[PDB]
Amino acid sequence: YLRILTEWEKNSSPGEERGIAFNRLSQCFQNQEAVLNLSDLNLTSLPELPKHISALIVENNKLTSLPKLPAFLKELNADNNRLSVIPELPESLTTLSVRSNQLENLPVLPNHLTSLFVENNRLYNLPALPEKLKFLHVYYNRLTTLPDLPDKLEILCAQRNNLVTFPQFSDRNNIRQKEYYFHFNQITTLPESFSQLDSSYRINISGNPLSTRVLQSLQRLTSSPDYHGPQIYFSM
């Protein structure tokens, strides 16, 4: 395995701190270290990865593709790279952070994923959202619709997209505090189910081409002394 890393080091591009990377990789493999951090090394490629790692942190580099993820990865941080695609995700993954990259699609998402941060990309579609998902950032993308939302979702930041329809919620099957952000989109209508949502929802649909009928219904509903629905924000 050492020869593979040594041969990979032979590139030595300008700005690539590949010596630091060789040191960190060899240390990670020999000591069985749970975390491998190759951040801020301007790297363009990565060799075969230590297959015991729990967390791979490759933020702030020049990566365009990623190697095969270890079968037991819990966290993958690849923020601020040029990744146009990310490889197959291991089922043990619970945190995926690949924001500020060049992604248009995402692979199948492990059902036990808890955090997904993919803001600042060119996504046109999202896969089926994992059921254990709690935190999701998809703002600054090109999404036109959102998959139906899981039950345990607490934070959804979907502002600054190209959304046309309001997503399907989980029927208030969740009762904790949740904040859903949909501002700066193209949504023109809202479902009747909105009028049955609880105060535990904080929804921001500002900067949306909401129709006159939807706006008048929102004004009539929130102006009633009997409004115990979501903390709603709607402003153009």
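All residue numbers are counted from 1 along the displayed sequence.
message = On mean Cα temperature factor in this entry, is 55-63 or 183-191 the higher one?
response = It is 55-63.
For the stretches 216-224 and 12-20, which has the higher mean C-alpha B-factor as given in the deposited record? Between 12-20 and 216-224, it is 12-20 that shows the higher mean C-alpha B-factor.
Per the PDB entry, maximal CA B factor within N37, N204, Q30, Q196
Among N37, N204, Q30, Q196, the PDB entry lists the largest C-alpha B-factor for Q30.
Which of these, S200, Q168, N208, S45, has its C-alpha atom at the highest B-factor, as the entry lists it? The C-alpha B-factor peaks, among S200, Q168, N208, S45, at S45.
Test of reading the entry: by CA B factor among the chain's modelled residues, which third contains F234? Middle third of the chain for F234's C-alpha B-factor.
Q) Mind checking which third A71 falls in for C-alpha B-factor across the chain? A) CA B-factor rank for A71: highest third.
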